[PDB]
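What follows is each chain in one-letter form.
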Amino acid sequence: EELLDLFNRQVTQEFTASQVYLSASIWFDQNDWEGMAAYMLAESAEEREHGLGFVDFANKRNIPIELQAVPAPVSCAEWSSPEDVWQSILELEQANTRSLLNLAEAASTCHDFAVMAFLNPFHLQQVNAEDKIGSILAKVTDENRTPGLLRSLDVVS
Amino acid sequence: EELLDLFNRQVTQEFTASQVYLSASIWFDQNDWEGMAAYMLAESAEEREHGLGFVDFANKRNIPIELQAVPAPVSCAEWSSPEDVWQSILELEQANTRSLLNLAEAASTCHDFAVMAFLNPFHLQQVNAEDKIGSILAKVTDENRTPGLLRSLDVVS
Amino acid sequence: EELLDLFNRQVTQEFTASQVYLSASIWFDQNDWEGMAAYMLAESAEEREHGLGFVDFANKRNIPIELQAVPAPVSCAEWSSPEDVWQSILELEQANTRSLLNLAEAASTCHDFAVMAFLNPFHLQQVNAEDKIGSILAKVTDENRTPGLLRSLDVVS
Amino acid sequence: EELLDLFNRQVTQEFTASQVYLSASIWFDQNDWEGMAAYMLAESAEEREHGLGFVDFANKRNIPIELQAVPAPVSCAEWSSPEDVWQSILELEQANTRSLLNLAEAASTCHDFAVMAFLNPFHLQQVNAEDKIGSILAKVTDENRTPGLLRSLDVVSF
Amino acid sequence: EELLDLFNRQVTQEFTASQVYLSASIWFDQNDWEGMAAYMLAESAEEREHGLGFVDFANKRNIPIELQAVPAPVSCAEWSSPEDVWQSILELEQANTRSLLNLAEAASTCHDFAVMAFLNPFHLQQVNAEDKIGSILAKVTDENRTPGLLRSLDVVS
Amino acid sequence: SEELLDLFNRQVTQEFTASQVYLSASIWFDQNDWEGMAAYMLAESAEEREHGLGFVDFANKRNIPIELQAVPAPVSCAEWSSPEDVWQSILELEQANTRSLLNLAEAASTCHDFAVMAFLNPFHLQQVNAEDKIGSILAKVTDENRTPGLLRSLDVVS
Ligand SMILES: [Fe+3]
Ligand SMILES: [Fe+3]
Ligand SMILES: [Fe+3]
Ligand SMILES: [Fe+3]
Ligand SMILES: [Fe+3]
Ligand SMILES: [Fe+3]
Ligand SMILES: [Fe+3]
Ligand SMILES: [Fe+3]
Ligand SMILES: [Fe+3]
Ligand SMILES: [Fe+3]
Ligand SMILES: [Fe+3]
Ligand SMILES: [Fe+3]
Ligand SMILES: [Fe+3]
Ligand SMILES: [Fe+3]
Ligand SMILES: [Fe+3]
Ligand SMILES: [Fe+3]
Ligand SMILES: [Fe+3]
Ligand SMILES: [Fe+3]
Ligand SMILES: [Fe+3]
Ligand SMILES: [Fe+3]
Ligand SMILES: [Fe+3]
Ligand SMILES: [Fe+3]
Ligand SMILES: [Fe+3]
Ligand SMILES: [Fe+3]
Ligand SMILES: [Fe+3]
Ligand SMILES: [Fe+3]
Ligand SMILES: [Fe+3]
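- Determination of this PDB entry was carried out by X-ray crystallography to a resolution of 2.0000 Å, according to the record.

Here is the structure:
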C-alpha cells in the first residue's frame, strides 16, 4: 500500500523541512542576520502548517497516519555564510517538490482523484517557493561579492 | 556545561510534547472525537511556541542550541479510549514540569539569575496545565461510566 | 550592609551608563552619524529611567540612598570610528550585567526576596540589551569593510 | 440589649456563611467541579456583602458591633459527593433564615421600626435563597442517579 | 511538611488581616472618620482577594487547604485615636510581610520554584503596602499635633 | 573663543549638577514622606537634564566641542532636616543657575556671538520664572510651617 506510505512520509518530509528552516533561523540569529532569521522562522511555521494539512486530509480520507521521528537537521554543521544556508534551503525545497510529484504519480496510478486534487495547490506553492528561494540566493550571491554589502540587505529588506 | 545541555534538552522536550499532542489529536480525530482533537491540536501549537521561546532566549543569551531529532510519539499505538489518551497527556505534562524544575535547579546552582527569571512564567504555566489536564481527566473518567455520555462532553468544544 | 552598598553602587552605575551613552551620542553627532547619535541619546534616557527605578524602590524599602558623583565619561577621548564607540557600549553593558548579577547574589544570600523579585525584569532587560548591542556591533564591523557603506546603515535608520 | 446581641450574632452568622461557602468552593475545586465551585465562590462574596451591610447599618444606628471569631468550617472533613455539599449549604441557608427571624422578632418586640424596615429585603432574599438551593439540590440528587451525568451538567451549566 | 503548613497559615493571615481592616473601618466610622473608614474597608476587601488568590493557587497546585478560624480582632478595644489605629495597621502589614518571607524561605529550601514565582508579586506589593502605611502614619502623627487639623486629611483624601 | 567654549561646557555641567541636586531633594522628601514635594523635585530634575541636553545639542551644531565633566555628589542633603531647608537650597541652586547663564551671556556679548545670545534668551526668561516660583513656594512653606502639621496637609492636597 505504497500510496498510504508515501502520504505518511510526506507528513514527515513537511515536518523535516520545518526543522531545517528552524535550523536556518537559529544559524542566522546566532550570526546576527535577524532579517534572514525572521524569514526562516516564518517559513518553518508555514512548513508545519502544510504538514498539519496533510494530516487533516488523511484523517478525513481514513489514511492511517503514524508520526515518525523528525530527523536532526545537519546542514547547520557546515554552514559558514548566508550563501551556504540559502543553498541548503534551495535543495530542501527541490526535494520537497520531488516528494510531492512522487506522491502525485502514485495517486495517478491508483486513480485516486481526490488525492490528486488535494495535491494541486501544493504543486503550485512549490513552483512559487523554488522561484522565491532561487531569487533570494541569486541576490545573496551577487551582494556577497562586496564586503559588508549583504549585511545592508538583511537590515533594509 | 550541564546548563547548556539542559537548555538544549528543554527545547527538545517542548517539540517532543508538541508531537505527542499531535498524535493525541490524530487518535481523537480518527475515532470521531473532534472536540478533543481540536483541543490537542491547539496544545500542539502551543508547545511548539514554548520551544520557540526557549530557542529565542538561548540565542539572545549565547546558549548555543543544536536541534536534536524529535522522537516519534510512542503511546498512540496503545490508546483504546479517551481516558487512555488524557492519561498519557497528564504524564507528559508531569514530565514537562519535572524537566523545567531540573533546568531551574541547575540555573540556581550556577547563580544564573537571568535563566531563573526567564523560567518563572513557565513554572506558573505548568501548574495551570497540570491542573487543567487533571481536571479534564477526572471528568472523562466519571462520564465514561455511562455508555455514550462522554460523547456529550465532546460537543462542548 | 553590603546589600545597601551594592544597591547604592547600582544607582551610580546606571547614571554612569546614562552619561557614557550621552558621550557616545555626542561623538556620533560631532562626526555626522545622526542615526547612531539619536539611538545613543534614547539609550541615555532609558539608563537614567533605570536609575530612577532603583531609587524609587530603595526609598520604598528603606534602603538609604546617598547619590555619588557621576564620573566623567573617558572613552570618548580614544574613539576614532563608530566601531570603537559600539565596542565601548558593549563593554558598558557587560559591566551593567555583572553589577546586577552581583547585586542579585548579595540579595540571595540575605534571603531578600523582594530585592530579587525587583531585579528580575532588569536581568532579562540586560540579556536583550547585550544581544542587541552585540548584533549592531557585528553589522557595523561587517559594513565598515567597505568605504562609505556604514554611512548607509546610519541614514537608513 | 438582646437586640444589640442578636445584631452582632447576625454579623457573625453572615461571615460564617461566607466561610462555609468558600470551603464548599474549595471542595468542589479540589474535586474538579469547577462550575459548582464558581457558584459557591460567588455566594461567599455575597454573604460577606450582607455582613458588611449589617455592619454599616449598625454603625449608622449606633448599635456597637464587636467583630467575633469566625469559626473554621468543619463539614468539608466529611463531604464526599456534591450531594453532601449542597445539603450542608441548604442547612446553612435555613440557619441564616432562622437568625434573621430571631432578629426580626426581637426588633418587633422592641417596636424598632427602623430595624424591621432594614430587614425586609433580607427576609425576601432568604426566601429566594432557600428556594434556589433546594431546587439545585433536587437536581443534583436526581442526576447523581446515573454515573457521570452530574459531571456533565457541572460543565454545560453553572 | 513545613511548606503546606506555611501555605495554609498564609491564607489564614490574609483573612485575619481582612478582619483587622474591617475592625478599623468600624472604629473610624463609629468615630466619624468616614474617609479613613472607607480606606480600611477597601483594604479589607483587598486582603480578602489576596487570600482567595492563595487558595486558588493551592487548589491548582494540590496544596490541600483547610480554612482555619478567623480570630476575633482585639486591637479595637484599645484604640483611642486615629494614630493608634494606623499603628496597629502598620504592625499588621509588617507581620503580613514576615510570613510571606517565611513562606518564601521554606519554598526556596524545598526548591519549589513554582511557589517562589507565585510569591514574587506579593513580595513587591508588601513593599508598597508598608511604604504607604508608614507614610500615612507619618502624616497623621504630624497633623494630629494641631487640634482639629487631622479632620482635614479625612474630608479631603 | 576659549572662555566662551569653557563657559558653555561649564553650563552643561551646571544643568546636570542641578538635575542631581533636584533628585537629591526628591529623595529626601520621599524618605520623609513628603510625596507631593518629592514628585515636584523629580519633575524638576528631568527638566534640568533636558536643559542640559538642549545645550549639548546647540554646542554640537555650532561645533563647540563638549567634553562631559564629572557630575558632583549632591552634599546639601546632609544638612536638610525640614522642608524649609530643602527649598532654600533649591532657591540658591536656581540663583546660581541664573548667575551662570548671565556669565555665559556676558562672554558671548563680548565676543559679539549673536547666535549664542539668541539661543540663551528663552533660558534667561525661564530663569526669571523659576526663581519667582521657588521663591513663592519657599514663602508658602515658611508661613505654613509655623503651625504644626499644617505644612503636611498641603503637600497632601496641593
Ligand atoms: Fe511562503
Ligand atoms: Fe512544504
Ligand atoms: Fe514558502
Ligand atoms: Fe516563502
Ligand atoms: Fe511546554
Ligand atoms: Fe507543557
Ligand atoms: Fe497547555
Ligand atoms: Fe495553555
Ligand atoms: Fe532599550
Ligand atoms: Fe536599546
Ligand atoms: Fe541599565
Ligand atoms: Fe538598552
Ligand atoms: Fe445567595
Ligand atoms: Fe444570590
Ligand atoms: Fe445564589
Ligand atoms: Fe446571608
Ligand atoms: Fe445565606
Ligand atoms: Fe493594601
Ligand atoms: Fe492596596
Ligand atoms: Fe491601599
Ligand atoms: Fe495581604
Ligand atoms: Fe497586607
Ligand atoms: Fe524648573
Ligand atoms: Fe536649568
Ligand atoms: Fe533651572
Ligand atoms: Fe518648576
Ligand atoms: Fe518648569
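## So, the overall build of chain A
Thinking step 1. The number of helices and strands found in chain A is 5 helices and 0 strands.
Thinking step 2. Helices and strands in chain A line up, N terminus first, as α-α-α-α-α.
Thinking step 3. Overall, the C-alpha framework of chain A stretches about 55 × 25 × 25 Å when taken along its three principal axes.
Thinking step 4. Counted over contacts in chain A with a minimum sequence separation of 6, partners at least 24 positions apart contribute 80%.
Thinking step 5. Here chain A displays about 7200 Å² of accessible surface, and carbon together with sulfur accounts for 54% of that area.

## Structural notes on the layout of surface pockets
Thinking step 1. Counted as a void, the largest pocket has a volume near 480 Å³.
Thinking step 2. Listed by contribution, the elements that provide at least two residues to the lining of the largest pocket are helix 4 (113–143) of chain B, helix 3 (82–109) and helix 4 (113–143) of chain C together with helix 4 (113–143) of chain E.
Thinking step 3. Looking at side-chain class alone, the lining of the largest pocket contains 10 nonpolar, 11 polar and no charged residues.

## Structural notes on the environment of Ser108 of chain C
Residues and elements named next belong to chain C.
Thinking step 1. Of note, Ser108 is situated in helix 3.
Thinking step 2. Exposure remark for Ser108: the relative accessible area of 27% places this residue in the partly exposed category.
Thinking step 3. Spatially, the C-alpha atom of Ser108 lies 9.9 Å from that of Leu3, the residues being 105 residues apart in sequence.

## Observations concerning the interface of chain B and chain D
By a widespread convention, an interface's size corresponds to the accessible area lost as its parts come together.
Thinking step 1. Counting from both sides, the interface comprises 11 residues of chain B and, opposite them, 10 residues of chain D.
Thinking step 2. Taken together, both faces of the contact between chain B and chain D bury some 920 Å²; the carbon and sulfur share is 60%.
Thinking step 3. Sorting the residues of chain B by area buried against chain D places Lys139, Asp142 and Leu149 of chain B first, and these three jointly supply 43% of that buried surface.
Thinking step 4. The interface formed by chain B and chain D includes 2 salt bridges.
Thinking step 5. Across the salt bridge formed by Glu34 of chain D and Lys139 of chain B, the nearest N and O atoms sit 2.8 Å from each other.
Thinking step 6. On inspection of chain B and its partner chain D, the count reaches 5 residue pairs in polar contact.
Thinking step 7. Going through the elements one at a time, helix 4 and helix 5 (149–154) of chain B are the ones with two or more residues in the side of chain B that touches chain D.

## Regarding the coordination of the iron ion (ligand 10)
Residues and elements named next belong to chain C.
Thinking step 1. In this structure, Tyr39 (OH) and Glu43 (OE) serve as the protein donors to the iron ion (ligand 10), at separations of 2.2 to 2.6 Å.
Thinking step 2. Here the iron ion (ligand 9) and the iron ion (ligand 10) are spaced 2.9 Å from one another. Here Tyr39 pairs with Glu43, and both are found in helix 2 (residues 34–60), just 4 residues apart, close to one helical turn.

## Considering the relation of the copies chain A and chain B
Both copies of the chain are related by a screw-like operation: a rotation about an axis and a shift along it.
Thinking step 1. Of the transformation placing chain A onto chain B, the axial shift is 0.0 Å and the rotation is 180°, giving an RMSD of 0.5 Å. These values place the two chain copies in the arrangement generated by a two-fold rotation axis. Looking at the rotation axis and the C-alpha trace of chain A, the residue lying nearest is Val70 of chain A, at 2.5 Å.
Thinking step 2. Same-surface contact between copies: 100% of interface residues of chain A are shared with the interface of chain B.

## Things to note about the packing of aromatic side chains
Thinking step 1. Applying the stated criterion across every chain yields a total of 62 aromatic pairs over all chains.
Thinking step 2. Their ring planes at 85° and their centres at 5.1 Å tell us that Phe54 of chain E and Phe118 of chain E sit as a pair that is edge-to-face. Here the residue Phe54 of chain E occupies a position in helix 2 (residues 34–61), and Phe118 of chain E occupies one in helix 4, the gap between them amounting to 64 residues. The exposure classification of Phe54 of chain E matches that of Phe118 of chain E, with both residues buried.
Thinking step 3. Chaining the aromatic ring pairs together yields one cluster made of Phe7, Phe54, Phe57, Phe118 and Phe122 of chain A.

## A look at the nonpolar core
Thinking step 1. Counting 159 residues, the largest nonpolar core has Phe7 of chain A, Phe7 of chain B, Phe7 of chain C together with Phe7 of chain E as its most contacted members.
Thinking step 2. If we ignore the near neighbours within four places in the chain, the residues touching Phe7 of chain A are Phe54, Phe57, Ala58, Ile63, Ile65, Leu103, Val115 and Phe118 of chain A.

## Observations concerning the arrangement of the chains
Thinking step 1. Over all C-alpha pairs, chain A and chain F never come within contact, reaching a minimum spacing of 28 Å.
Thinking step 2. If you take every C-alpha in chain B and every C-alpha in chain F, the smallest gap between them is 29 Å, and the two do not touch.

## A few points about the packing of helix 1 (residues 2–30) of chain D against helix 2 (residues 34–60) of chain D
Residues and elements named next belong to chain D.
Thinking step 1. At a closest axis distance of 8 Å, the pairing of helix 1 and helix 2 adopts a crossing angle of 165°. If you check the angle between helix 1 and helix 2, you find them roughly antiparallel. Of the two possible hands of crossing, helix 1 and helix 2 adopt the one that is left-handed.

## Here's the deal with the pattern of salt bridges
Thinking step 1. Scanning the entire structure with this criterion turns up 26 salt bridges over all chains.
Thinking step 2. Among the salt bridges present, the one from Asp56 of chain E reaches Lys60 of chain E, with a minimum N-O distance of 3.5 Å. Of this pair, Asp56 of chain E and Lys60 of chain E both sit in helix 2, 4 residues apart, which is roughly one turn of that helix.
Thinking step 3. By relative accessible area, which is 35% here, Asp56 of chain E ends up partly exposed.
Thinking step 4. Classification of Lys60 of chain E by relative accessible area gives partly exposed; the value is 24%.
Thinking step 5. In the salt-bridge network here, residues are joined through shared partners; they are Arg151 of chain A together with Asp142 and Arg145 of chain C.

## Thoughts on the environment of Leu103 of chain A
Thinking step 1. The residue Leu103 of chain A is located in helix 3 (residues 82–109) in this model.
Thinking step 2. For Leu103 of chain A, the residues in contact, after removing those within four places along its chain, are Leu3, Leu6, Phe7, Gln10, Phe54 and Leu119 of chain A.

## Some details on helix 3 of chain A
Thinking step 1. Over its 28 residues, helix 3 of chain A runs 41 Å from end to end, which matches the ideal 40 Å to within 8%, given 1.5 Å per residue.
Thinking step 2. Immediately beyond the C-terminal end of helix 3 of chain A, within one or two residues, lies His111 of chain A, with a positive phi of roughly 60°.

## Side note on the interface of chain A and chain B
Thinking step 1. Taken together, the contact pairs 24 residues of chain A with 24 residues of chain B.
Thinking step 2. Contact between chain A and chain B buries roughly 1900 Å² in total, counting both sides, with carbon and sulfur atoms accounting for 61%.
Thinking step 3. One can count 0 salt bridges joining chain A with chain B.
Thinking step 4. Inspection of the chain A/chain B interface yields 3 residue pairs in polar contact.
Thinking step 5. Only helix 1 (2–30) and helix 2 (34–60) of chain A provide two or more residues apiece to the side of chain A that touches chain B.
Thinking step 6. Looking at which element gives the most residues to the side of chain A that touches chain B, the answer is helix 1 of chain A, with 8 residues.
Thinking step 7. Split into classes, the residues belonging to the side of chain A that touches chain B amount to 15 nonpolar, 7 polar and 2 charged.

## A few points about a nonpolar patch on the surface
Thinking step 1. Where nonpolar side chains cluster on the molecular surface, the patch consists of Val155 and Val156 of chain E together with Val157 of chain F and spans about 300 Å² of accessible area.
Thinking step 2. Among the structural elements, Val156 of chain E can be located in the segment after helix 5 (150–155).
Thinking step 3. For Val156 of chain E, a relative accessible area of 49% gives the class partly exposed.

## Some thoughts on the packing of helix 2 of chain C against helix 1 (residues 2–31) of chain F
Thinking step 1. In the contact formed by helix 2 of chain C and helix 1 of chain F, the axes pass within 10 Å of each other and the chain directions differ by 25°. As summarised for this structure, helix 2 of chain C and helix 1 of chain F are arranged roughly parallel, according to the angle between their axes. For the element pair helix 2 of chain C and helix 1 of chain F, the recorded crossing hand is right-handed. Along the contact surface, helix 2 of chain C presents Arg48, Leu52, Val55 and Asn59 of chain C, while helix 1 of chain F presents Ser19, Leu23, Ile27, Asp30 and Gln31 of chain F.
Thinking step 2. Within the contact of helix 2 of chain C with helix 1 of chain F, the residues separate by chemical class into 4 nonpolar, 3 polar and 2 charged.

Thresholds, definitions, all that
- Residues numbered from 1 in each chain as written, not as in the entry; some residues may be left out.
- Chains lettered and ligands numbered in written order.
- Part of a larger assembly, values for the part shown.
- Heavy atoms only, no water.
- Helix = DSSP H or I, 4+ residues; strand = E, 2+ residues; numbered from the N terminus.
- Contact = heavy atoms within 4.5 Å.
- Areas by Shrake-Rupley, 256 points an atom, 1.4 Å probe, with all protein chains shown as cover.
- 1 Å grid on protein atoms, 1.4 Å probe; cavity = no way out; pocket = protein on both sides within 12 Å on 5 of 7 lines; lining within 4 Å.
- Points joined across faces, edges and corners; volume = space filled by probe spheres on them.
- Nonpolar A, V, L, I, M, F, W, Y, C, P; charged D, E, K, R; others polar.
- Buried < 20%, exposed > 50% of the residue type's maximum accessible area, 1.4 Å probe, protein only.
- Buried area = accessible area lost by both parts, 1.4 Å probe.
- Salt bridge = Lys/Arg side-chain N within 4 Å of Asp/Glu carboxyl O.
- Polar contact = N/O pair within 3.5 Å; in protein donor to acceptor, adjacent residues only side chain to side chain.
- Donors = N, O, S within 2.8 Å, 3.2 Å for Na, K, Ca; no water.
- Least-squares fit on C-alpha atoms.
- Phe/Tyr/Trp six-rings, centres within 6.5 Å; stacked < 30°, edge-to-face > 60°.
- Core = buried A, V, L, I, M, F, W, Y, C linked by side-chain atoms within 4.5 Å.
- Axes fitted to C-alpha atoms, helices over the stretch in contact; angles between N-to-C directions.
- Parallel < 35°, antiparallel > 145°, perpendicular 65-115°, else oblique.
- Left-handed = near helix turned anticlockwise from the far one by under 90°.
- Expected span 1.5 Å × (residues − 1).
- Patch = residues over 30% accessible without salt bridge, like charges linked within 9 Å, V, L, I, M, F, W, Y side chains within 5 Å.

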